[PDB]
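Everything on this sheet refers to the single structure shown next.
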Amino acid sequence: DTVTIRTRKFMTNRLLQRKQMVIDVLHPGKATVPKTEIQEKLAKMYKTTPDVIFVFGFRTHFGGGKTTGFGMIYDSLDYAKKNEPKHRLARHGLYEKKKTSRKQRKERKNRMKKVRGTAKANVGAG
Amino acid sequence: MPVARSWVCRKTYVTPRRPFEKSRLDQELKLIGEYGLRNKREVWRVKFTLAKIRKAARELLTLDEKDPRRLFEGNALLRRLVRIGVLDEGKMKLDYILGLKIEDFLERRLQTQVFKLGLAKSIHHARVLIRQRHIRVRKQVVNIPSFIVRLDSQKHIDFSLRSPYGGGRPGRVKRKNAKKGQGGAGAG
Amino acid sequence: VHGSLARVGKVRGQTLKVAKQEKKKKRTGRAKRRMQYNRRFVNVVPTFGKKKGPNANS
Amino acid sequence: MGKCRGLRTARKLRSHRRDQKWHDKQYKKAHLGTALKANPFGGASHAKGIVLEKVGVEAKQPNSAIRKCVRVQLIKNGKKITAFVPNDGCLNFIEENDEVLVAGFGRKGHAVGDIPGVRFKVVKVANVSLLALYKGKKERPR
RNA sequence: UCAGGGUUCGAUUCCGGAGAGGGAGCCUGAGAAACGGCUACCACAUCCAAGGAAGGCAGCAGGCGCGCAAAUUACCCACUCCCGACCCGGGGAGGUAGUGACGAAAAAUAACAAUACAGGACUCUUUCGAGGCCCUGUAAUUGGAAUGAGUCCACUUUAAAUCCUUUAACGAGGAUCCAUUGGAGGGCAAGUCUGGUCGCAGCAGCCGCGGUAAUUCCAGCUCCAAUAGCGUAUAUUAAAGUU
Ligand SMILES: [Mg+2]
Ligand SMILES: [Mg+2]
Ligand SMILES: [Mg+2]
Ligand SMILES: [Mg+2]
Ligand SMILES: [Mg+2]
Ligand SMILES: [Mg+2]
Ligand SMILES: [Mg+2]
Ligand SMILES: [Mg+2]
Ligand SMILES: [Mg+2]
Ligand SMILES: [Mg+2]
Ligand SMILES: [Mg+2]
Ligand SMILES: [Mg+2]
Ligand SMILES: [Mg+2]
Ligand SMILES: [Mg+2]
Ligand SMILES: [Mg+2]
Ligand SMILES: [Mg+2]
Ligand SMILES: [Mg+2]
Ligand SMILES: [Mg+2]
Ligand SMILES: [Mg+2]
Ligand SMILES: [Mg+2]
Ligand SMILES: [Mg+2]
Ligand SMILES: [Mg+2]
Ligand SMILES: [Mg+2]
Ligand SMILES: [Mg+2]
Ligand SMILES: [Mg+2]
Ligand SMILES: [Mg+2]
Ligand SMILES: [Mg+2]
Ligand SMILES: [Mg+2]
Ligand SMILES: [Mg+2]
Ligand SMILES: [Mg+2]
Ligand SMILES: [Mg+2]
Ligand SMILES: [Mg+2]
Ligand SMILES: [Mg+2]
Ligand SMILES: [Mg+2]
Ligand SMILES: [Mg+2]
Ligand SMILES: [Mg+2]
Ligand SMILES: [Mg+2]
Ligand SMILES: [Mg+2]
């Protein structure tokens, strides 16, 4: 195939239970590579799993060909579940998002600020 | 509000003071024809980047020799000039900078080298090819006709590796017509 | 002379109308300059000392 | 024939130049303020007004014509000023008692050309240009 | 902006100060003479069952008014940081997108052959004339090739999206996938063309044009300058050795 991975400025971070590096993808002729299709080749490179691997960034140059991004590879799964930002755990579902606007949260708080002892119906009856 | 931005920007030309002067209009029109540029402004850029070099050269030449500042910045300015093929290493001194003409910065343009190194039929054909992404510097497509070619980049200019002119699928015209033989001349 | 001497818009009204005759799309951009260089510098068929202007009619 | 040249005369030089600037007309009217106070605009480039009526003013000899002017009263000041209309037959677009936006003429305070004592010209009649009302690109909103 | 000396500007993202309709008084606190705190007078303005109560956008959006003059009642704490009892909550601070020809950078609207005419160095012929290589237009077609502006699957982007970049599929014959704005007496680049008007209508920064034969008005044609921009009004700087 044309696609190829090459790492750069590798660093083994023990203070956060991961190894981080920069990723080069030499993929001429084709569109950008999907993130899924990258992370499994990193696995085969480091012999762990396509589950403790996270990748992001990935801007493509002018002219086609290369792209460069950032990648991290955790030791356990749960260390990733602790040390990752939540939205990056959401990308490949491992977390979920809730309340449907900033307005509703704001305006509930302002209605509740005008009652004492039990804020009651403003939450319990919406 | 405070904000995370750079407002820094600048102009890169200066209009001439005499707006309708024949000795000027005919020379600049000559320079537009001989290198295939677009406006007058494409010439006033080169005039600016030369008239600004010629101020640093002069202000250095009005320092006294052996100065630290003059030595350092002169050795830095000559290096920068030599490195783009505007000056000869057999000169390498400030009192020669004042002898450079505008038609040496114009000569090092990629449009000029793509014609003069043989890849195109004319100075106008060259500007079309560069703008159509047919040419490559060193493992890198480029699309800007005004790109200035560094001295040792010179022999890297060649046709792109994904392009009809040398190893590439025929374009959307050579393919629409070869299909007219199998879709317009076989059963159509 | 007839009507008000001060009649406003007199000459713009009584002037007979004529349409634009043309079809030909003119050139634009670099290709126009390519034209003006060739016509002013490349071929200039030789003439007597009484030189002529590019729009001359008389 | 004499101008103090000595090494500590700076007070005299500065206090004397500061005085002599006041004889230069163009400087004087920038800084007395009586010009800006008297300006029929507000010290702006343009002003809106309402067309009181239409007049013609005979040009200054030798050349001869009747020059087709509005007389306007400005919105902000309320003061009255005469203005020129700038092309062949435009005086028919200007109905009476609509607004207009007058501008300057071109010599910063002074009557231009053959017209006696007219210092402003119209650009817009009713939010539409004269140059568009006259070239056909637009028509009056009514 | 500027030879050298200077002239003019600095409400405006960094630092210092001052103020929350105008003046005044104070509580609490390490810190306030605090207004997203309280009390009173002045000016405004809202609710009423006429007893009473309540208010401060020169925060972010939005509206009226004023004027020559200035954007959406959108999204989110993911980034930079701050606050808290705090690894967890909160932030119109701040980030993101919308409107945007204030302004700055890069840069398309045609490239190339054949043929026909046109023109020059060269060859030959006493010339005429012919051969001819180098260019320009210009025609008829063509001739085929090239590519994005667009339409549009996916990836990528990001908090979630948009944009740009990366890519499949469609997408050019010129009568459109159409370049404009101001001029053509002088200053100042460009017509002593043609038709119209007749000191009228109008032009003209200045000198000056128009009175039946207009290089200056109105229009066609042609030509000029800058060009994705150009004209006008105004303040200001150089020209000004006219401070
Ligand atoms: Mg504001
Ligand atoms: Mg006196
Ligand atoms: Mg006077
Ligand atoms: Mg006179
Ligand atoms: Mg200076
Ligand atoms: Mg300030
Ligand atoms: Mg103020
Ligand atoms: Mg402000
Ligand atoms: Mg401040
Ligand atoms: Mg201090
Ligand atoms: Mg107020
Ligand atoms: Mg305390
Ligand atoms: Mg207070
Ligand atoms: Mg406050
Ligand atoms: Mg309060
Ligand atoms: Mg109160
Ligand atoms: Mg407030
Ligand atoms: Mg506001
Ligand atoms: Mg208004
Ligand atoms: Mg504005
Ligand atoms: Mg407004
Ligand atoms: Mg935060
Ligand atoms: Mg939080
Ligand atoms: Mg903000
Ligand atoms: Mg711009
Ligand atoms: Mg177009
Ligand atoms: Mg594109
Ligand atoms: Mg997503
Ligand atoms: Mg025109
Ligand atoms: Mg004119
Ligand atoms: Mg004409
Ligand atoms: Mg002129
Ligand atoms: Mg001339
Ligand atoms: Mg007649
Ligand atoms: Mg006549
Ligand atoms: Mg005539
Ligand atoms: Mg000055
Ligand atoms: Mg003066």
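Yeah, the Cβs are placed from backbone N, Cα and C, and that goes for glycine too.
If you look up Swiss-Prot, you'll see B:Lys66, B:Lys116, B:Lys155 marked as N6-acetyllysine. Annotation comment: Swiss-Prot describes B:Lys93, B:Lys139 as SUMO2 cross-link, evidence class similarity to another entry. What Swiss-Prot records for B:108-182 is domain 'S4 RNA-binding', and it gives sequence analysis as the kind of evidence. For B:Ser153, B:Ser163, the entry in Swiss-Prot reads phosphoserine, with the evidence type similarity to another entry.
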Out of B:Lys66, B:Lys93, B:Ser153, the recorded positions in the record, which is closest to B:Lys116 (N6-acetyllysine) when you go by Cα distance? B:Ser153
For B:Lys139 (SUMO2 cross-link) and B:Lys93 (SUMO2 cross-link), the CA-to-CA distance in whole Å is 35
I want to check the contact list for B:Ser153 (phosphoserine): same chain, sequence separation of six or more, C-beta distance under 8 angstroms. What comes out? B:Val137, B:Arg138
When secondary structure is assigned with DSSP, how many helix, strand and coil residues does the domain 'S4 RNA-binding' (B:108-182) contain? 27 helix, 7 strand, 41 coil
Three-class DSSP secondary structure - B:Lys66 (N6-acetyllysine): coil
At a 10 Å cut-off from the C-beta of B:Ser163 (phosphoserine), count the other C-beta atoms across all protein chains. 18
Cα-Cα distance linking B:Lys66 (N6-acetyllysine) and B:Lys93 (SUMO2 cross-link), given in Å to the nearest integer: 14
Can you tell which of the recorded positions (B:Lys66, B:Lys139) has the fewest other C-beta atoms within 10 angstroms of its C-beta? B:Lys66
